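Engineer: Have a look at this one.
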Amino acid sequence: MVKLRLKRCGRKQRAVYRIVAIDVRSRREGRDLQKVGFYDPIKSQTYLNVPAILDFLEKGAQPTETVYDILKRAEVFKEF
Amino acid sequence: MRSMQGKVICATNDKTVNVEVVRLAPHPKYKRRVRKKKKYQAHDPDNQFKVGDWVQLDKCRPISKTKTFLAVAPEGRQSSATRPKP
Amino acid sequence: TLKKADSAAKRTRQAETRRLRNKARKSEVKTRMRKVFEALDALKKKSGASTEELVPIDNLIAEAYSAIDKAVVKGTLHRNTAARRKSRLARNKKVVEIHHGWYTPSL
Amino acid sequence: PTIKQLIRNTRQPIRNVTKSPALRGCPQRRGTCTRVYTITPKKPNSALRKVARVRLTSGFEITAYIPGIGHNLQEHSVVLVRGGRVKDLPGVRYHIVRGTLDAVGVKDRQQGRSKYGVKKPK
RNA sequence: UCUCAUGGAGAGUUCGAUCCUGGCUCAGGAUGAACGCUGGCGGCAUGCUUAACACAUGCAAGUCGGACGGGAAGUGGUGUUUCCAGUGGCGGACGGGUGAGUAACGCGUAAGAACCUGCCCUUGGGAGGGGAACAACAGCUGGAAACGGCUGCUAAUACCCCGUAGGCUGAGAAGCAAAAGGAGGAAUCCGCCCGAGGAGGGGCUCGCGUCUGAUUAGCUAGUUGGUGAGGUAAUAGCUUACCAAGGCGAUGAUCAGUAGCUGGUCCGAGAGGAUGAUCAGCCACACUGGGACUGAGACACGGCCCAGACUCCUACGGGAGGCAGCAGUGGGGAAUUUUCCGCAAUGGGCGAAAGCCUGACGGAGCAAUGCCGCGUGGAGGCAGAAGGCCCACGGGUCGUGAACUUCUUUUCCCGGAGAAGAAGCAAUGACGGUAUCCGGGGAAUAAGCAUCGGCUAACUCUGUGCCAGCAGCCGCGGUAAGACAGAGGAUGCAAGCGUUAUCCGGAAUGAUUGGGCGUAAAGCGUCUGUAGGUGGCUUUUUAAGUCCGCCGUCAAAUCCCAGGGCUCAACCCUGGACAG
Ligand SMILES: [Mg+2]
Ligand SMILES: [Mg+2]
Ligand SMILES: [Mg+2]
Ligand SMILES: [Mg+2]
Ligand SMILES: [Mg+2]
Ligand SMILES: [Mg+2]
Ligand SMILES: [Mg+2]
Ligand SMILES: [Mg+2]
Ligand SMILES: [Mg+2]
Ligand SMILES: [Mg+2]
Ligand SMILES: [Mg+2]
Ligand SMILES: [Mg+2]
Ligand SMILES: [Mg+2]
Ligand SMILES: [Mg+2]
Ligand SMILES: [Mg+2]
Ligand SMILES: [Mg+2]
Ligand SMILES: [Mg+2]
Ligand SMILES: [Mg+2]
Ligand SMILES: [Mg+2]
Ligand SMILES: [Mg+2]
Ligand SMILES: [Mg+2]
Ligand SMILES: [Mg+2]
Ligand SMILES: [Mg+2]
Ligand SMILES: [Mg+2]
Ligand SMILES: [Mg+2]
Ligand SMILES: [Mg+2]
Ligand SMILES: [Mg+2]
Ligand SMILES: [Mg+2]
Ligand SMILES: [Mg+2]
Ligand SMILES: [Mg+2]
Ligand SMILES: [Mg+2]
Ligand SMILES: [Mg+2]
Ligand SMILES: [Mg+2]
Ligand SMILES: [Mg+2]
Ligand SMILES: [Mg+2]
Ligand SMILES: [Mg+2]
Ligand SMILES: [Mg+2]
Ligand SMILES: [Mg+2]
Ligand SMILES: [Mg+2]
Ligand SMILES: [Mg+2]
Ligand SMILES: [Mg+2]
Ligand SMILES: [Mg+2]
Ligand SMILES: [Mg+2]
Ligand SMILES: [Mg+2]
Ligand SMILES: [Mg+2]
Ligand SMILES: [Mg+2]
Ligand SMILES: [Mg+2]
Ligand SMILES: [Mg+2]
Ligand SMILES: [Mg+2]
Ligand SMILES: [Mg+2]
Ligand SMILES: [Mg+2]
Ligand SMILES: [Mg+2]
Ligand SMILES: [Mg+2]
Ligand SMILES: [Mg+2]
Ligand SMILES: [Mg+2]
Ligand SMILES: [Mg+2]
Ligand SMILES: [Mg+2]
Ligand SMILES: [Mg+2]
Ligand SMILES: [Mg+2]
Ligand SMILES: [Mg+2]
Ligand SMILES: [Mg+2]
Ligand SMILES: [Mg+2]
Ligand SMILES: [Mg+2]
Ligand SMILES: [Mg+2]
Ligand SMILES: [Mg+2]
Ligand SMILES: [Mg+2]
Ligand SMILES: [Mg+2]
Ligand SMILES: [Mg+2]
Ligand SMILES: [Mg+2]
Ligand SMILES: [Mg+2]
Ligand SMILES: [Mg+2]
Ligand SMILES: [Mg+2]
Ligand SMILES: [Mg+2]
Ligand SMILES: [Mg+2]
Ligand SMILES: [Mg+2]
Ligand SMILES: [Mg+2]
Ligand SMILES: [Mg+2]
Ligand SMILES: [Mg+2]
Ligand SMILES: [Mg+2]
Ligand SMILES: [Mg+2]
Ligand SMILES: [Mg+2]
Ligand SMILES: [Mg+2]
Ligand SMILES: [Mg+2]
Ligand SMILES: [Mg+2]
Ligand SMILES: [Mg+2]
Ligand SMILES: [Mg+2]
Ligand SMILES: [Mg+2]
Ligand SMILES: [Mg+2]
Ligand SMILES: [Mg+2]
Ligand SMILES: [Mg+2]
Ligand SMILES: [Mg+2]
Ligand SMILES: [Mg+2]
Ligand SMILES: [Mg+2]
Ligand SMILES: [Mg+2]
């Protein structure tokens, strides 16, 4: 199914993730439908674009744990 | 998209016609335009169209190993009917 | 004894057994369909009145549908195929009766 | 010239023709020497040139030049050959890399040593 | 003198000289590069292009005891809890590899209508009553092994029947079809069956674009269409019978040859040329060929069946196997790495969860393969000495260069402390005691390689004498060689420097922009003319080109602009856009 998850970019030892809406059977960095959020542990930079997230969650998109909890902190699950 | 106007080369077969479509294209290197002519097997139930006709060509489901196209009455054309001379 | 190939062996055996089941379910359809067709030839050629002879025929027909849909929901067939089989039986049943003469839609 | 004619494809390029076919698109090739001998150069250049016929991995047989001063090379020796043309000798399109495989480095050459495969003196 | 432009260089060589036409050659960039000499460090990348040739060993796909019957470890026992073959459930169709085949709707792009869809959402109804088996197990038995054979035996979310069904068949009449329980003390949860939607993933169909060959000219008969019967998830010569004679083709069919394609990469002033490694999408393949089965999904890399070729085991009666998965060995080759660590991160699979498995991935190691950063000292140093070399013997030059005196410690060495990366309950880090930070020594641990005739920056001397040798082209070398070899000196780049190979450039040398044809290569011997291309003036029409506005899209990464982050840069990240 459609899954909203992290796709890993940046370089060796320094990791930065995009949060993307993509069919679950594509590869981890593979092609996708929409880019939505942005994330990173070291700079502690996190932010998302909420209308997109909601539009995908509406059509049944499953998030993955890390992503799920990111959406929790930004309160996207309450509006739902 | 835009349907293809052409003229009929061969009416002989049943419920079909053989249309020639001429379209112009600006040749990729040398920028002049050229006429490229292609042929089509067009499905025409009722066999209304004869040889020489000018017919519009429409798209639909495959009716055979070839004909994808429905033969349709000419869409718009300048009337060859005489006009006033003011 | 400890045997390790799950995927390989197990899926193999399962495939066999399920295959036998499927084979049965299809054969049934081919069969009952065939009886229907023999009955239809027997009827188209000779002269009865269908009001009388449609009774054995429709008993066979109903049996056939039963076999079909039982094979759909048991899952050896895909429903859209079933539709075609039934449609065929119906068509033959419609062909014979125009030959003998009771019904003829025209518009 | 005429556009109409250019659209019949009247411009076609001349492909690049290699100078060392026997190499088959490689920097070097290893070969065995069939024969070692000398040849005289095209006049007015007279001298005696050191050349060996080499049979290669790509199957060809060619004639290649041996640079430097003096050599130990003899038949059934495995050398390494490289490209480049000697204007002197007719037909000779290949050199022999010195200092690798069976061709030793030139003895007692002190300058531009890398061309001849010579260690640096301490 | 506003605006636009950040871009187009030549040189040698035919002659006794000249001008020209014309080729050859050089200066520049780029490598998945190799070889030679030399080699201190770090940052980010890259690493079988050839034989889609063989493969020893180990690992790369399983999970669920909360579907189920058993038996085996303990425990005193069915209070506790573990493992486990077996039946069932989903997953093994994704992920990983390679480019052989494929000139095709295979790919890119844009459209369409006749379809399918497990898991995920959204929603409308339901889950009655029975019955029969089969493994496991048991006993007997055949086998060296692999794996079997009889007879009993048994459970289920596994099989079969009956009842009911907003669905299916049908003009209708009518006809036909479903279920499964498991958790919990209950509430309730995860499921099951039938419809109806949604999103995503697939199947088809069509316009356009999609290599060289005319010393390949006719090719095609299920071939091009029509009906009738079949078949497919769905349209269709997909199949078959009959009817008709079409379909494609000099604008290049057919045949042969080469090739995975595209985002892109390299070059170019631009117009465009060459190419498709890493990175991302799609196709195609899995020892060589052919089949199907299971299934939402395959004609299935670590599944089945057969034939073939080849390797192994055998107690010779028979079996086992498929690295173009990660490493690794042989072989081929100029050439391309460790039989490493870990599931901690991200991503997958199964599960109620605990959790388990993941050679995807995250990391390490090896290698100057490449791009980028830093170093190998800084300041002063009689103008006196040793030495090399040149010298008209006056002196010049290596040379402020060294020696020598002070300052500094990036790097080196010896000790200390030491992350973020981990996600909101704590816990949990393979990397790693690494990155970084503090102290203690001490100029201490660290420069080579091409070239010096012209293009081309940089010159003299000894040694040789058409010899030995050099050379990218012109061409040097027969006694004083600025062209060979040595020395000293200088120049260019610098942890690299050269040589060879490949591609574009310069090349206006295949020319649209941008050439020519009286004598330099080049006007058919001359007409007639078919296709084809262009075609006088005036008014109107239409709007195919053309032009302008607006919308959709041309994936992300790359290039361009603007900021931000690793001390800088390379690299990474955000946002945005001209082209076309
Ligand atoms: Mg944090
Ligand atoms: Mg011109
Ligand atoms: Mg060239
Ligand atoms: Mg002349
Ligand atoms: Mg001369
Ligand atoms: Mg010229
Ligand atoms: Mg160069
Ligand atoms: Mg070395
Ligand atoms: Mg290969
Ligand atoms: Mg093995
Ligand atoms: Mg393991
Ligand atoms: Mg348990
Ligand atoms: Mg367990
Ligand atoms: Mg369960
Ligand atoms: Mg218990
Ligand atoms: Mg078990
Ligand atoms: Mg068992
Ligand atoms: Mg696969
Ligand atoms: Mg794959
Ligand atoms: Mg890879
Ligand atoms: Mg190929
Ligand atoms: Mg071909
Ligand atoms: Mg297409
Ligand atoms: Mg095409
Ligand atoms: Mg396709
Ligand atoms: Mg299923
Ligand atoms: Mg319900
Ligand atoms: Mg029931
Ligand atoms: Mg029933
Ligand atoms: Mg059932
Ligand atoms: Mg319980
Ligand atoms: Mg209970
Ligand atoms: Mg549904
Ligand atoms: Mg191409
Ligand atoms: Mg036929
Ligand atoms: Mg140019
Ligand atoms: Mg590769
Ligand atoms: Mg790929
Ligand atoms: Mg396949
Ligand atoms: Mg093989
Ligand atoms: Mg096969
Ligand atoms: Mg099936
Ligand atoms: Mg498989
Ligand atoms: Mg197969
Ligand atoms: Mg394998
Ligand atoms: Mg066999
Ligand atoms: Mg076999
Ligand atoms: Mg097997
Ligand atoms: Mg391997
Ligand atoms: Mg080897
Ligand atoms: Mg070898
Ligand atoms: Mg290497
Ligand atoms: Mg994990
Ligand atoms: Mg995980
Ligand atoms: Mg789950
Ligand atoms: Mg491991
Ligand atoms: Mg990796
Ligand atoms: Mg090292
Ligand atoms: Mg390095
Ligand atoms: Mg190093
Ligand atoms: Mg090297
Ligand atoms: Mg550097
Ligand atoms: Mg100094
Ligand atoms: Mg210090
Ligand atoms: Mg530092
Ligand atoms: Mg914590
Ligand atoms: Mg220190
Ligand atoms: Mg000069
Ligand atoms: Mg020289
Ligand atoms: Mg060269
Ligand atoms: Mg002389
Ligand atoms: Mg002398
Ligand atoms: Mg002399
Ligand atoms: Mg003298
Ligand atoms: Mg010299
Ligand atoms: Mg010197
Ligand atoms: Mg180099
Ligand atoms: Mg050119
Ligand atoms: Mg030319
Ligand atoms: Mg000319
Ligand atoms: Mg002449
Ligand atoms: Mg002439
Ligand atoms: Mg003439
Ligand atoms: Mg003439
Ligand atoms: Mg003639
Ligand atoms: Mg004429
Ligand atoms: Mg004419
Ligand atoms: Mg005209
Ligand atoms: Mg005009
Ligand atoms: Mg893009
Ligand atoms: Mg910038
Ligand atoms: Mg900065
Ligand atoms: Mg961007
Ligand atoms: Mg546009």
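Using ideal geometry, Cβ is built from the backbone for each residue, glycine included, and neighbour counts are taken over all protein chains shown. What follows is calculated from the coordinates using simple rules that are stated; it is not laboratory data.
Engineer: Among the residues in the stretch D:58-74, are any more than 24 Å from D:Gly112 (Cβ to Cβ), touching a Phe, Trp or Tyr at 6+ places or on another chain (Cβ under 6 Å) and more than 14 Å from chain B (Cβ to nearest Cβ)? Explain how you work it out, then say what you get.
Structural biologist: The first filter runs over the stretch D:58-74 and keeps only residues more than 24 Å from D:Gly112 (Cβ to Cβ), leaving D:58-63, D:74.
Remaining after also requiring touching a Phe, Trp or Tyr at 6+ places or on another chain (Cβ under 6 Å): D:62.
Checking the rest, the ones that are also more than 14 Å from chain B (Cβ to nearest Cβ) come to D:62.
Checked against the condition, which is being more than 24 Å from D:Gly112 (Cβ to Cβ), touching a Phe, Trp or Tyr at 6+ places or on another chain (Cβ under 6 Å) and more than 14 Å from chain B (Cβ to nearest Cβ), the stretch D:58-74 yields at least one hit.
Engineer: In the stretch B:25-53, which residues are of a type in the set (A, V, I, L, M, F, W, C), surrounded by fewer than 16 Cβ atoms within 10 Å (Cβ to Cβ) and closer than 20 Å to B:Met1 by Cβ?
Structural biologist: Answer for the stretch B:25-53, where residues must be of a type in the set (A, V, I, L, M, F, W, C), surrounded by fewer than 16 Cβ atoms within 10 Å (Cβ to Cβ) and closer than 20 Å to B:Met1 by Cβ: just B:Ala25.
Engineer: Being more than 14 Å from chain B (Cβ to nearest Cβ) and more than 11 Å from RNA strand E (Cβ to nearest atom) narrows it down to one residue among C:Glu53, C:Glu63; which is it?
Structural biologist: The conditions single out C:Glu53.
Engineer: Read through the list (1) under 14 Å from the mean Cα position of the chain (by Cα); (2) more than 16 Å from ligand 42 (Cβ to nearest atom), then give the number of the only condition that C:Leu77 fails.
Structural biologist: So the condition that C:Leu77 fails would be (2).
Engineer: For residues that are more than 9 Å from the chain's Cα centre (by Cα) and surrounded by 13 or more Cβ atoms within 10 Å (Cβ to Cβ), scanning just the stretch A:30-53, find the one that is nearest to A:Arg11 (Cα to Cα).
Structural biologist: Here the residue is A:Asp40.
Engineer: Can you name the number of the only condition in (1) surrounded by 12 or more Cβ atoms within 10 Å (Cβ to Cβ); (2) farther than 27 Å from D:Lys4 by Cα; (3) in contact (Cβ under 8 Å) with a residue 40 or more places away in the chain; (4) among the small types (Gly, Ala, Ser) that B:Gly6 fails?
Structural biologist: (2)
Engineer: When the residues of the stretch B:1-52 are narrowed to those that are out of contact with any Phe, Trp or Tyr (no Cβ under 6 Å at 6 or more places or on another chain) and of a type in the set (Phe, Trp, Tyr), which ends up farthest from B:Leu70 (Cα to Cα)?
Structural biologist: B:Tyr30
Engineer: Name every residue in the stretch B:7-48 that is within 14 Å of chain D (Cβ to nearest Cβ) and not in a strand (DSSP E or B), in order of residue number.
Structural biologist: Within the stretch B:7-48, B:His27, B:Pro28, B:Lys29, B:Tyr30, B:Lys31, B:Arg32 qualify.
Engineer: While we're looking at this one, here's another question. Is there any pair linking a residue in the stretch C:59-86 that is within 18 Å of C:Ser27 (Cβ to Cβ) to one that is within 13 Å of ligand 42 (Cβ to nearest atom) and not in a helix (DSSP H, G or I), with Cβ under 7 Å and at least six apart or on different chains, and which?
Structural biologist: So the pair list comes out as C:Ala71/C:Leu77.
Engineer: I've got another one for you. Can you name the residue in the stretch A:19-77 that is under 11 Å from A:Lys3 (Cβ atoms) and of a type in the set (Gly, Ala, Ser) and, of all such residues, is farthest from ligand 42 (Cβ to nearest atom)?
Structural biologist: Looking at residues that are under 11 Å from A:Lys3 (Cβ atoms) and of a type in the set (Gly, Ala, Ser), I get A:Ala21.
Engineer: Restricting the search to the stretch A:33-59, which residues are free of Cβ contacts under 8 Å to residues at least 24 places away in the same chain and of a type in the set (S, T, N, Q)?
Structural biologist: A:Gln34, A:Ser44, A:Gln45, A:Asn49
Engineer: Still on this structure, please answer the following. How many residues are near RNA strand E (Cβ under 6 Å from one of its atoms), more than 14 Å from D:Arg93 (Cβ to Cβ) and touching a residue at least 40 places away in the same chain (Cβ under 8 Å) when one looks only at the stretch D:13-57?
Structural biologist: Residues flagged as near RNA strand E (Cβ under 6 Å from one of its atoms), more than 14 Å from D:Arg93 (Cβ to Cβ) and touching a residue at least 40 places away in the same chain (Cβ under 8 Å) within the stretch D:13-57 amount to 3.
Engineer: So which residues in the stretch B:54-73 are in a loop (DSSP other than H, G, I, E, B) and surrounded by 12 or more Cβ atoms within 10 Å (Cβ to Cβ)?
Structural biologist: Correct list: B:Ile63, B:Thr66, B:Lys67, B:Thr68.
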